[PDB]
Structures are given as structure tokens and as C-alpha cells.
Amino acid sequence: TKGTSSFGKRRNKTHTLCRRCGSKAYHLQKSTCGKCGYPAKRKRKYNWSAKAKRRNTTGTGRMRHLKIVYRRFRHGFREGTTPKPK
Amino acid sequence: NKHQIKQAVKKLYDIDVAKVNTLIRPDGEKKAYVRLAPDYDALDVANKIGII
Amino acid sequence: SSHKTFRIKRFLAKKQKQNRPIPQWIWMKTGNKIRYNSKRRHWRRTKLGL
Amino acid sequence: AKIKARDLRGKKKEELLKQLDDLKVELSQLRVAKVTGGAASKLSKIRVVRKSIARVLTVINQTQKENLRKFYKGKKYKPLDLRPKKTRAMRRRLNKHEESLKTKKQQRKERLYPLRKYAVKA
RNA sequence: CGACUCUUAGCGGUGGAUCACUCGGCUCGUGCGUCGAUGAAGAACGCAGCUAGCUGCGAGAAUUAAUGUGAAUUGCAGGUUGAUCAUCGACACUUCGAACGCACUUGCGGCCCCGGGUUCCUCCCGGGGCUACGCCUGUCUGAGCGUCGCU
RNA sequence: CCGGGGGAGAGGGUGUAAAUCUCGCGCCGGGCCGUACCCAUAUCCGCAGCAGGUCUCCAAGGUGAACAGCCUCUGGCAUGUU
RNA sequence: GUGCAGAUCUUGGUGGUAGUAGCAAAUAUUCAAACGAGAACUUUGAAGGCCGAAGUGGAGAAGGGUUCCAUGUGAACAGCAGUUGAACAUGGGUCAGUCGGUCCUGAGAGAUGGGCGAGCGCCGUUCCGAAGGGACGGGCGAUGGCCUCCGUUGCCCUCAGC
RNA sequence: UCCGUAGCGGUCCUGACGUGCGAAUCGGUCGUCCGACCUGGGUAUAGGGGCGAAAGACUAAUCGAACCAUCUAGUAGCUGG
RNA sequence: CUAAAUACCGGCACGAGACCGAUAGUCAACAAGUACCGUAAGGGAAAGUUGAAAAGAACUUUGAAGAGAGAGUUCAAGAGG
RNA sequence: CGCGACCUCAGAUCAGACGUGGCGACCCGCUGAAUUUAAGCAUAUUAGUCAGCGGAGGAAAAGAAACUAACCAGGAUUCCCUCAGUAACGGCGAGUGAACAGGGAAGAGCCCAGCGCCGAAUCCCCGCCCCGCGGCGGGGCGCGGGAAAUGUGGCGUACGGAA
Ligand SMILES: [Mg+2]
Ligand SMILES: [Mg+2]
Ligand SMILES: [Mg+2]
Ligand SMILES: [Mg+2]
Ligand SMILES: [Mg+2]
Ligand SMILES: [Mg+2]
Ligand SMILES: [Mg+2]
Ligand SMILES: [Mg+2]
Ligand SMILES: [Mg+2]
Ligand SMILES: [Mg+2]
Ligand SMILES: [Mg+2]
Ligand SMILES: [Mg+2]
Ligand SMILES: [Mg+2]
Ligand SMILES: [Mg+2]
Ligand SMILES: [Mg+2]
Ligand SMILES: [Mg+2]
Ligand SMILES: [Mg+2]
Ligand SMILES: [Mg+2]
Ligand SMILES: [Mg+2]
Ligand SMILES: [Mg+2]
Ligand SMILES: [Mg+2]
Ligand SMILES: [Mg+2]
Ligand SMILES: [Mg+2]
Ligand SMILES: [Mg+2]
Ligand SMILES: [Mg+2]
Ligand SMILES: [Mg+2]
Ligand SMILES: [Mg+2]
Ligand SMILES: [Mg+2]
Ligand SMILES: [Mg+2]
Ligand SMILES: [Mg+2]
Ligand SMILES: [Mg+2]
Ligand SMILES: [Mg+2]
Ligand SMILES: [Mg+2]
Ligand SMILES: [Mg+2]
Ligand SMILES: [Mg+2]
Ligand SMILES: [Mg+2]
Ligand SMILES: [Mg+2]
Ligand SMILES: [Mg+2]
Ligand SMILES: [Mg+2]
Ligand SMILES: [Mg+2]
Ligand SMILES: [Mg+2]
Ligand SMILES: [Mg+2]
Ligand SMILES: [Mg+2]
Ligand SMILES: [Mg+2]
Ligand SMILES: [Mg+2]
Ligand SMILES: [Mg+2]
Ligand SMILES: [Mg+2]
Ligand SMILES: [Mg+2]
Ligand SMILES: [Mg+2]
Ligand SMILES: [Mg+2]
Ligand SMILES: [Mg+2]
Ligand SMILES: [Mg+2]
Ligand SMILES: [Mg+2]
Ligand SMILES: [Mg+2]
Ligand SMILES: [Mg+2]
Ligand SMILES: [Mg+2]
Ligand SMILES: [Zn+2]
């Protein structure tokens, strides 16, 4: 009874897609995320899982501002000047 | 919105609209059925825009 | 279900669009290794999470 | 014709918007041809018209931004996009002026006891 | 003689060992040592003539401008006053996210200014700018059978 | 959402009457999201087209106490991985 | 990081068993024709049957996410086969003021004030709170139009429970 | 309250099956079927904790202390190489 | 209040090696934190090599086709995606 | 009753600023075990270590003696060698365990409050004029506004200082 017969009643879901981390760990009934902890301002991370930290680090995603910061660093963050025209 | 679709057809194709009915496809795109006025003819509008 | 929400339907729309085979002309390219689409999904086999 | 960015800069904003609204009519006419099924010459012109629209809008936005920074050139308070965007910590530093103050005590100390240039015989 | 079985060799299959390669790792050392409310990290969704993934990019969407370079890109088509690459200092940068009008259904607003509507008469529609918390200095409006002074 | 009790008030000086109307018509508008199909001895969960599990609506004729069992009509199916 | 036969060693590959166990729950199929290279299994007609209104019928909720529909294919899958399929490949398909969501509160969840806490934070939901940004009538002020008469916002008097 | 259907449950055959339809099913036979009844959805209680008409039962096929990661390559006078 | 000498398995850019050579070396030489699994926290692979150059086998013939037989390319198909 | 100060406390989509979150190898402040060893085990050991929390920088922290010493004395901090597996702690069992002196790398010193003297001699903000203007500054005006006597600035700080 506790196995195959009991697996047929799984029809309503506990977790949904989180709006901050994108993972399906937003507990609908506790209103919190088990992956990032969305209503908390700080994201949840721990030193007892080094493998979970390297799945979400600054090198994981697009870096759509930091990679321009790294390029702009080499010229002293020059701004408001143009190269000399032809 | 349906209002924006209505006033967008009225400017690009210079035809007034009876009503607009929208749906969202499983493709993800929004399809709009735009009914013209009874005095404008939809296929003679379609000819000048290209679809035939 | 038929009582979808907008974000779920949009996610299903993207996962519908990624489920097409590769175009025929990509493996005539010079630096090509792809034989087929290995990220394919069938509705009966893989249940997409959710 | 090839729409260049060098000869759009001397034009006025209204005759630039006229070209922009003409090229958008060109995109709509080309996208109708794409869905009806058209020539490859019509299909390959979509990338040409899109980058021309990007060029015209880039010229319009650059001209507007240059006039905004000409208007706010001598003003104490300017909009944050026209303010210099360095890094956040570098924008929260002290000025040249602020790092170049020293007190009246250190001013008279530097005056009274300057660092002398000297040498010692071997 | 024949079938079946055993051994060895030739050839052929099954299998991918060995060897030779290596735009990858590991380790050591050097220089620099730079994120974010001017909206970070992360995520979501889109963008190619034919495009699923990876990569790149953001409705200007496998990129715009400028500079250097100098005749290509290419799987197939199409079209030197500068094609393509590289640099990148100008411009731009959808949605969620510290995430900021209230909530997170993608829902309900409020104030002000514009354009249709109207002809300031409120409706209606579209667009733009504001509307989070804490805290510093100053301003304005206040409270007190707090301490007083004077009519 | 409505009815009542109260009566602060408003309206006109005998009329091209006024304030007012929950009466009959007339004018304009209603934005955003979901909507296909399966819903079960094959579209869900049990590693699967798994004799298991999974919430409901409709409910003909005869026999019969009967939504029992058996036969039949509308509808459905091909004997349940040969 | 130097020699393997073993560690119910690790990973990968292959045998005997073995063309064996098996393809046996829910009564049942038969004849003719068509398409085709090919038919026990596809389609059509004629039978004989079953589910027998608490159905093997007709519609929904949850869940699934294109499985729905049309055409083509028979490489792989559908434990025989297939001319067939929920398989593959091309194309299509979900239209609302009235049907639901959206609004309300339920059990309950959860900020601020406050309290606690080394700290992320936690407790607590009216409890140690100056918690109302509103309205009618009047006075004052300005605006815009038949500046007639309403409307607009600025200040004050007045009133207000939750 | 009794017989008894749907529903809920699971006595016996210690039947079938037992590299099964199935990591607990099937057949006949059975208990109950107006009330301490059955059931969907929402919500509350979380691990030395919950919850228990009490079997150390249940707490995602895991229960006399669930599951995941880390301390951790824990130690072994013992077994095998 | 205060530089220097001191620390640096993260980041950017580099150089080197008595290191490893696709069951090794990072989990990852490849569309790798990807496919896939679990409600979740998390777990987590496998997978390099035609040739110098696609010159990647035109055409004939059997078969419905997969498949063959000739012919042809190449130094070599005893290198046939 | 009213008016005007000051104090204390509110409300603003008031004018101008700042903080939040990320990464976290190295650094700072807390909190903090049990495996293990003691051939058992409880003090100890593991270990102020793993885990947990907060906060930064290109380094951080520390730092110019309420010091070391007992000498014919040295003289901020940080790091290396040595002191030293030493003094010492420890069911004095298992085990743990520095500092001074000495040799080097580097070397840099300083400022307030108080006590006093100077007419608050000091500081911030808004308006205008010209310049700089892409790290918002300079002088000139304003019978402009505030902060500050419940104390700003100059001299001056233990090496003495002031007149
Ligand atoms: Mg629940
Ligand atoms: Mg944190
Ligand atoms: Mg399934
Ligand atoms: Mg001084
Ligand atoms: Mg042989
Ligand atoms: Mg795309
Ligand atoms: Mg260019
Ligand atoms: Mg150029
Ligand atoms: Mg809701
Ligand atoms: Mg009355
Ligand atoms: Mg329907
Ligand atoms: Mg079946
Ligand atoms: Mg049968
Ligand atoms: Mg049959
Ligand atoms: Mg070696
Ligand atoms: Mg061996
Ligand atoms: Mg047999
Ligand atoms: Mg039906
Ligand atoms: Mg049915
Ligand atoms: Mg078969
Ligand atoms: Mg079908
Ligand atoms: Mg209608
Ligand atoms: Mg709470
Ligand atoms: Mg009874
Ligand atoms: Mg009874
Ligand atoms: Mg038995
Ligand atoms: Mg048996
Ligand atoms: Mg069976
Ligand atoms: Mg408790
Ligand atoms: Mg009970
Ligand atoms: Mg017992
Ligand atoms: Mg022993
Ligand atoms: Mg200090
Ligand atoms: Mg060297
Ligand atoms: Mg490997
Ligand atoms: Mg090899
Ligand atoms: Mg090989
Ligand atoms: Mg050879
Ligand atoms: Mg060869
Ligand atoms: Mg303000
Ligand atoms: Mg402590
Ligand atoms: Mg012991
Ligand atoms: Mg022992
Ligand atoms: Mg022990
Ligand atoms: Mg730690
Ligand atoms: Mg921080
Ligand atoms: Mg930094
Ligand atoms: Mg420091
Ligand atoms: Mg010392
Ligand atoms: Mg010694
Ligand atoms: Mg002893
Ligand atoms: Mg110790
Ligand atoms: Mg010393
Ligand atoms: Mg020296
Ligand atoms: Mg003083
Ligand atoms: Mg001193
Ligand atoms: Zn999350």
C-alpha cells in the first residue's frame, strides 16, 4: 500500500519556479525558496557545500557588466573622451 | 493591448477597426484577429499590403 | 492543465521551440562536430520537471 | 543606397525621423514578403535595413546626448547619466582638492623643516 | 568418410585495448589587484535570410557609432567615399532580482504633464516623469498642564 | 448591495417655473491572463501503452424490492505486449 | 604515481545457460473487397459478439504540454507484424464586458510600532504607537471657458471611530 | 439498530503469483455501510522534533530517531587483498 | 591617525615545468555543471582521432528498400561519414 | 485668551547626499563541536579547529610603551632565522607549549581632549558674476540663511609646553 499504490496520489505540487534564482525550489506553502531564500535579502549559501557554490558564482552567468568593467579597467576607466578622428 | 492594436492598424493601414480579438499561441506569439468596418473590404486591404 | 498561468505557458512555449531537429546545412560547415540534436525531449519519456 | 553614419550628422532631427519612419515602412514591407515567400534579394535586405535603422537611431541619440551635455556643461547639478560613471567606490572618493588640503600645523612644519638634499663622503 | 566436440593456423566478424598524436588539465612563479540604487552577482525571455545547442547580443538585439587595419564572410544564397577582423573611449542596454508605488495574479493604483477623445467637462485610450526603507545636514509645517517672558 | 428613522439644507414666486428623479427611451466604452487535446486497462503518478492508484456531472427498456445480478437500445470496442 | 591472478576489487567488453524461460487476468472472431512490393493485425461492407446507463458511453478538476489536426515516411521505438500509431518529418490549430482568474474573507500566513537578539534575524498582529492625507457646508486665493454659472486646486474653520 | 449496493476496509483459502500485472497485486469468501462515516482542495505542527483511539505505528518504497551536504580518506587489537 | 617589509587554492593578464596523456590529468580536452535523477536540499555522467586535400564513391545492374555487384577517387577504402 | 523665545519630539513624493546586496583565496570581530588520541573513559587531546554569523581592503590587522629588562642596559608595529620542542602547562598520563636577548627584511612618525590666550578670530548651505569645467573647485559680491559659547578654529600634547 505504502509504495506503488501510494504513488498515484501525487497530483499537487510543493515547489514552483523561483523568481530570483530560476530553480524549482519556491515552496508555495511556506512562501520561501529552498535554493536561494528569495524573501530574505541575502542569498543562502553555505561552506559545507563547495559544489553548490560553484554552480552559482560570479563566473557562472553572463557577466554583462563585470566583463565590461574588466575591459574598462585597463585604461584607467577613461570617460568622456573619443579617439582622434581622421 | 487591443486598444493599441486597433490604433496601430488605424495608422499603418489607414483603416478603422470594428473589433480586435487576441490570443496567445503556444509558439509564444500573440495573434490578433482585427475585424474591419463593414464598408472596408479586408481582401482589398490584403492585396495592397501583399498577402494574397 | 488548461488553467495555465502566463509564465508557465511562456516556459512551455520556449521548451516547445527548443524541441526541433538540427537544420541540414550545419554539418557541411568546416569547424563542425554536431551529428544531431542530443538535447531533444519527448513528452512521454522526460517529464520536464515542473 | 548605402546609408552612412558620416553624412547623417549634419542633418536635422525631423528629416532624420522622416528617414527612420521610411525605413520602418521598408521593414514592414520586407517582413510581409518574408511571410508570403519572396525572393532571396528581398530576404537578404532585412539585415541591411535593420542596421540602417540602428545607424539612424544611434545618430539621433548621440546628437541628443551631446546637446544635453552641452546644456548641462556649467551646472552644479546634472542628471545621473550625464554624471561620470566610474566604479561606485571610485565615485565615493575624495577630490583632488580634498586630498590636497593639509592643516596649518603641517603647513608650518613643512615650511620650517623641509627634506634636505645631502650626501656623505666615503 | 559424414554431423558434433577439442587444439593450432589463415581469413573474416564482435570489441576498442595498445601505440603515436593533444586548441585540455595539474602545479609553481610574476604583475595588476577593478562589483553595486548612475541598479551588481544571478536568473528569465527574446534577437540570425535559411538557426535547435554552444557562443555573442538586447526591440538599435550573432550587434550601432568611433579608431586601427585593409579586401573579404562563407554551409548555401543575396548584395577602397572602405568588406571583414581587432581595439573599444561614444550611444544604447527587455523582465525578475539589494529590486524601489501596493502585491507577485503578471493583478490594482495615486499625482503631474502631453497627444487623440474632447474642444477645460469629467469620462475613455495612448505616451512620458514621479510615488520603497533607514539615515545625515538644511528647509517648511506642527505638538506639548516641558521651561519661561510679555500683553 | 438595499430599505428605514431623522431633517442640517436646496429650489420658484405663479412661470420659455425651478431644484430634483431609483420612470421610458437615446449616445459611448468595458482594458489584462487562461481557453486545443487526454482525463485513464495507452496522453497523470508508479523506470513502461504496468490487472495498482487518482476528485466529480448525466444515468434508457425488461425482469425484479432494488443504482443487485442477467439480456437489450443510443453510444463505443475488438478480447487487452502475437 | 615503475611490474597483478585473485581483494563478493573499479570500469568497459563478451560467453555458456539459450534460440531456453517466456510473449496464458478481464467469453471472439469470420467472409469478401480496396490501397500496396508485401495483409491474421490497416481501411470499407456484411455478419457473429462484448461493455449493458454505478458503461469499454458522453464531458470536466488535478496533473501532462502539443500528446490535438492535416499530409508524407516506414531507418530506430510501439517485447509478433504493420500499408498502422500518442513514433519520426513537414505544416496548421486555442479568438470572450456576460465562462473562469482578477475582487472578498476563512483556517491561517505576514511587515511596520514595539520587544528580544553577538548576528543573519526572531517574536508579536493591536500588543509599550502623535497610526485619519478624507469629506460636506462656509470664509479666504488663483485658474480656465457662452469669465454667466459650474468645475479646478492652495490655506483656514467644521466634522469624522474603529 | 439488522440484511445489503456504491463507497471505505482487508478475515480466511495460510488460494493465485512469488527473476510476478505489482519493490504488497489478483480471485472467491468476508467486516462495515446515518455515523467515532467516506473523500478532494486549502492550512497548521519538522527530526531527540512533530504526530499517534498507542502498533514504537507514521513522518515521500527510508523510522527503536527521516533525508542532503560537510567534519571525513572518522577509528577498527577484526576480515579480505 | 599612520606607509614599508608580510598574506593571497577568488578575479584579470602572463610565463614556465625531470607533472598527466582521454578508465590518466579538474567532474568537465567534446553543445559540462551539460544530458539525466530526486518534491527538495542536492546528486551528476558518458563522449578525441577518415584523408595531405572531400578529392565523401558519378554512372551501369538486382532488389520496394535497407543492402549488394561492377565502375571510379586516393599512396592506401587492407582509411567509406 | 493671545503673542514670542528656547527645549524636547513628530510629519513631508521638501533640497542635496549616503547605506543595503554580491564575491570572499588572503584579513578582522564573535560563536563553536564531535569524529580522533589517551590501546577503555569522564579532565585533557582533537581545537579556539570544521560548521554557523557579521564586516572590509588591495592588502587587512597591529603600531609609536601604563614595554623589555636587572645589563657598561636597550627602545613603535609587522615578517624571517634562532631562542626551542626550551621555561612552563598536563588523570604531570596521552600530549600541549610561548616570550626576552641576538642576526637580518623594512624603517616614519604624529594629532587631539584637558590646562590656557586670542572681539567665533571657525564651519556648512543657497542666489548672482567670470574661470576651471569627464575625481564639483577658485576668487568677487549678497542690511542672504544657518551651525557653533551645552565651545569651532589658531598656538599647543608628555620628546615637556605657553607668556
Ligand atoms: Mg502542503
Ligand atoms: Mg550572507
Ligand atoms: Mg508517465
Ligand atoms: Mg591644532
Ligand atoms: Mg579460426
Ligand atoms: Mg533563436
Ligand atoms: Mg562600425
Ligand atoms: Mg573602419
Ligand atoms: Mg492570488
Ligand atoms: Mg423622511
Ligand atoms: Mg475544450
Ligand atoms: Mg494496455
Ligand atoms: Mg480472450
Ligand atoms: Mg487479438
Ligand atoms: Mg611519473
Ligand atoms: Mg586482471
Ligand atoms: Mg518456448
Ligand atoms: Mg469524451
Ligand atoms: Mg470517459
Ligand atoms: Mg516489433
Ligand atoms: Mg492523433
Ligand atoms: Mg457577443
Ligand atoms: Mg513573522
Ligand atoms: Mg448501523
Ligand atoms: Mg449492518
Ligand atoms: Mg498464500
Ligand atoms: Mg511459479
Ligand atoms: Mg498481463
Ligand atoms: Mg518544538
Ligand atoms: Mg488513529
Ligand atoms: Mg513492543
Ligand atoms: Mg584482539
Ligand atoms: Mg589603527
Ligand atoms: Mg624558467
Ligand atoms: Mg576524464
Ligand atoms: Mg587510447
Ligand atoms: Mg579510434
Ligand atoms: Mg595503409
Ligand atoms: Mg588506414
Ligand atoms: Mg526629496
Ligand atoms: Mg568563544
Ligand atoms: Mg579512545
Ligand atoms: Mg582503539
Ligand atoms: Mg569510543
Ligand atoms: Mg569557518
Ligand atoms: Mg557588505
Ligand atoms: Mg574591491
Ligand atoms: Mg590599517
Ligand atoms: Mg620586541
Ligand atoms: Mg637545541
Ligand atoms: Mg598518572
Ligand atoms: Mg592547545
Ligand atoms: Mg627580539
Ligand atoms: Mg638593516
Ligand atoms: Mg580649544
Ligand atoms: Mg607617548
Ligand atoms: Zn530561489
Side-chain angles (χ1 to χ4, degrees), chain A residues 1-15 19-22 25 29 31 34-35 41-43 46-49 52 54-58 60-61 65-66 69-71 73 75 78-85, chain B residues 1-4 7 21-23 25-26 31 33, chain C residues 1-7 9-10 12 14 16 18-23 25-26 28-30 33-34 37-39 43-44 46-48, chain D residues 5 34 40-41 43-48 50-51 53-55 57-59 61-62 65 73-74 76-77 80-81 83-88 90-91 93-97 104:
Chain A
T1 300
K2 71 175 72 144
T4 303
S5 179
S6 284
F7 297 147
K9 300 183 180 69
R10 306 202 164 141
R11 38 169 278 193
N12 62 6
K13 56 187 73 179
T14 293
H15 299 110
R19 74 202 326 271
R20 186 209 272 174
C21 72
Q29 198 171 169
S31 304
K35 172 69 79 178
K41 322 215 191 73
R42 312 159 170 259
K43 60 173 283 184
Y46 294 104
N47 298 308
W48 47 255
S49 195
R54 65 183 180 180
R55 306 193 176 103
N56 287 317
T57 318
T58 52
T60 300
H65 166 79
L66 260 186
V69 159
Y70 293 166
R71 154 163 74 88
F73 169 72
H75 310 276
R78 52 171 175 200
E79 184 178 1
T81 61
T82 61
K84 199 185 88 194
Chain B
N1 299 347
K2 285 171 192 192
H3 294 321
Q4 313 192 61
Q7 269 75 63
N21 286 2
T22 74
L23 61 83
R25 278 137 62 99
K31 198 199 303 204
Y33 302 95
Chain C
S1 161
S2 158
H3 278 322
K4 318 193 200 332
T5 78
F6 179 69
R7 65 179 64 88
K9 194 194 181 176
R10 152 163 64 100
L12 291 179
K14 182 175 72 68
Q16 184 178 2
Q18 317 189 117
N19 207 32
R20 51 162 281 161
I22 58 150
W25 48 264
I26 62 170
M28 281 306 249
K29 279 181 186 223
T30 60
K33 300 184 179 71
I34 281 171
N37 193 11
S38 80
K39 276 174 178 208
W43 59 274
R44 200 76 158 271
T46 299
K47 279 290 166 185
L48 183 63
Chain D
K34 183 179 188 295
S41 81
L43 282 169
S44 296
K45 208 171 75 172
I46 306 190
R47 189 171 309 190
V48 176
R50 279 164 78 255
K51 301 318 176 179
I53 289 174
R55 262 188 287 277
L57 279 173
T58 306
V59 168
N61 286 338
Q62 184 178 2
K65 203 87 176 292
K73 183 175 174 66
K76 182 175 174 66
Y77 303 105
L80 309 160
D81 54 355
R83 302 184 173 190
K85 183 151 170 77
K86 312 170 303 283
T87 44
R88 178 186 173 101
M90 184 177 177
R91 295 191 318 253
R93 274 187 319 194
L94 282 86
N95 319 320
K96 279 74 176 175
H97 161 252
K104 300 294 187 291

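Each chain gets a letter, A, B and so on, in the order the sequences are listed, and its residues count up from 1. Reckoned from all heavy atoms, side chains included, excluding hydrogens, waters and symmetry mates.
Taking atom CG on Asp81(D) and atom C1' on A90(E), their separation rounds to 14 Å, with Å as the unit. Counting to the nearest Å, the P atom of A66(H) and the NZ atom of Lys2(A) are 17 Å from each other. Nucleotide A66(E) holds its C1' atom 12 Å from the CZ atom of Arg78(A), rounded to whole Å. The interatomic distance linking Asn56(A) (CG) with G42(E) (P) rounds to 9 Å, in whole Å. What separates CZ of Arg71(A) from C1' of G11(I) is a distance of 17 Å, to the nearest Å. Whole-Å rounding puts the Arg91(D) CZ to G36(E) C1' distance at 9 Å. One atom, CG of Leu12(C), and another, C1' of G46(E), lie 17 Å apart when rounded to the nearest Å. The CD-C1' distance, from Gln7(B) to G115(E), rounds to 12 Å in whole Å.
Glycosidic conformation of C23(G) is anti; the angle lies outside 90° of 0. Anti is the classification of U49(J), since its glycosidic angle lies more than 90° from 0. Taking the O4'-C1'-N9-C4 or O4'-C1'-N1-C2 dihedral as appropriate, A101(J) has a value more than 90° from 0 and is therefore anti. A syn base is found at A39(J): its glycosidic angle is within 90° of 0. A glycosidic torsion no more than 90° from 0 defines the syn conformation, and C115(J) adopts it.
Of the candidate nucleotides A62(G), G36(E), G42(E), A62(G) has the atom nearest to the side chain of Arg11(A). The side chain of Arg42(A) has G55(J) as its nearest neighbour among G55(J), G52(J), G19(J). Listed nucleotides: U39(I), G138(J), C37(I). Nearest to the side chain of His97(D): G138(J).
Taking the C1' atom of each, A132(E) and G127(E) are spaced 25 Å apart, rounded to whole Å. Using atom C1' as the reference point in both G156(J) and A61(J), the two lie 32 Å apart (nearest Å). Rounded to the nearest Å, the gap between the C1' atom of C51(G) and that of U72(F) is 13 Å. Look at the P atom in both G97(E) and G57(J): the space between them is 27 Å, to the nearest Å.
Using a 4.0 Å heavy-atom distance criterion, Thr82(A) is classed as a base contact. Residue contacts for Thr60(A): at a heavy-atom cut-off of 4.0 Å it reaches the sugar-phosphate backbone alone, with no base atom in range. Nucleic acid contact for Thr81(A): base, since at least one base atom lies under 4.0 Å from a heavy atom of the residue. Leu66(A) comes within 4.0 angstrom of the backbone, heavy atoms only, and of no base.
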Q | Heavy-atom protein contacts under 4.0 Å, nucleotides 28-46 of chain F, coded B base, S sugar-phosphate only, - none | A | --SSSSSSS-----BSSBB
**Q.** Contact state string [nucleotides 51-64 of chain E, B base, S sugar-phosphate only, - no protein heavy atom under 4.0 Å]
**A.** BBBS--BB-BSSSB
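The phosphate of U105(E) (OP1 or OP2) has a side-chain N or O of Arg7(C) nearer than 4.0 angstrom. A close approach under 4.0 Å does occur between a side-chain nitrogen or oxygen of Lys43(A) and OP1 or OP2 of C23(J). The phosphate of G97(E) (OP1 or OP2) has a side-chain N or O of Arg19(A) nearer than 4.0 angstrom. For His65(A), no side-chain nitrogen or oxygen approaches OP1 or OP2 of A41(E) to under 4.0 Å. Contact between the side-chain N/O atoms of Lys84(A) and the OP1/OP2 oxygens of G68(E) is not found at any separation under 4.0 Å. For the OP1/OP2 pair of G40(H) and a distance below 4.0 Å, the side-chain nitrogens and oxygens of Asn12(A) include no atom meeting the criterion. Distances shown here put a side-chain N or O of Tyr33(B) below 4.0 Å from the OP1 or OP2 atom of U94(G). Phosphate proximity of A44(H) to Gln29(A): present, with a side-chain N or O under 4.0 Å from OP1 or OP2. Residue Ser6(A) places none of its side-chain N or O atoms closer than 4.0 Å to OP1 or OP2 of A60(H). The phosphate of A17(J) (OP1 or OP2) has a side-chain N or O of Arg83(D) nearer than 4.0 angstrom.
For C41(G), the ring torsion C1'-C2'-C3'-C4' comes out negative, which puts the sugar in the south group. Sugar pucker of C100(E): south, as indicated by a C1'-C2'-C3'-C4' torsion of negative sign. Nucleotide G48(H) shows a negative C1'-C2'-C3'-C4' value and thus a south, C2'-endo-like sugar. Judged by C1'-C2'-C3'-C4', the furanose ring of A39(G) adopts a south pucker. Sugar pucker of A131(G): south, since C1'-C2'-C3'-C4' comes out negative.
With centres closer than 5.5 angstrom and planes tilted by less than 30 degrees, the six-membered rings of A13(I) and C14(I) count as a stacked pair. Bases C133(E) and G134(E) qualify as stacked neighbours, criterion being ring centres under 5.5 Å and ring planes under 30°.
On a pure distance criterion of 3.5 Å, a polar donor-acceptor pair joins the side chain of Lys96(D) and the base of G135(J).
Annotation: of the two residues near RNA chain I, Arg55(A) and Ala25(A), the 5′-most nearest-nucleotide partner is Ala25(A). Heavy-atom distances to RNA chain J give each of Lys73(D) and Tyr77(D) a nearest nucleotide, and the one nearer the 5′ end belongs to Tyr77(D). Nearest-nucleotide positions on RNA chain J for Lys104(D) and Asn95(D) put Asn95(D) closer to the 5' end.
Contact record, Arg91(D) with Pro84(D): CD-O, 3.3 Å, taken as the closest heavy-atom pair. Of all the heavy atoms in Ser5(A) and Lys9(A), the pair that sits closest is O-NZ, 3.9 Å.
When side chains are defined from C-beta on, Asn19(C) does not count as touching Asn37(C), because their heavy atoms never get closer than 4.5 Å. Between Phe73(A) and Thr87(D), every side-chain heavy-atom pair lies at or beyond the 4.5 Å cut-off. Here the side chains of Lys34(D) and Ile46(D) are in contact, with some heavy-atom distance below 4.5 Å.
In this structure, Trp48(A) forms no aromatic stack with the base of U70(H), since the conditions of centre separation below 5.5 Å and plane angle below 30° are not both met.
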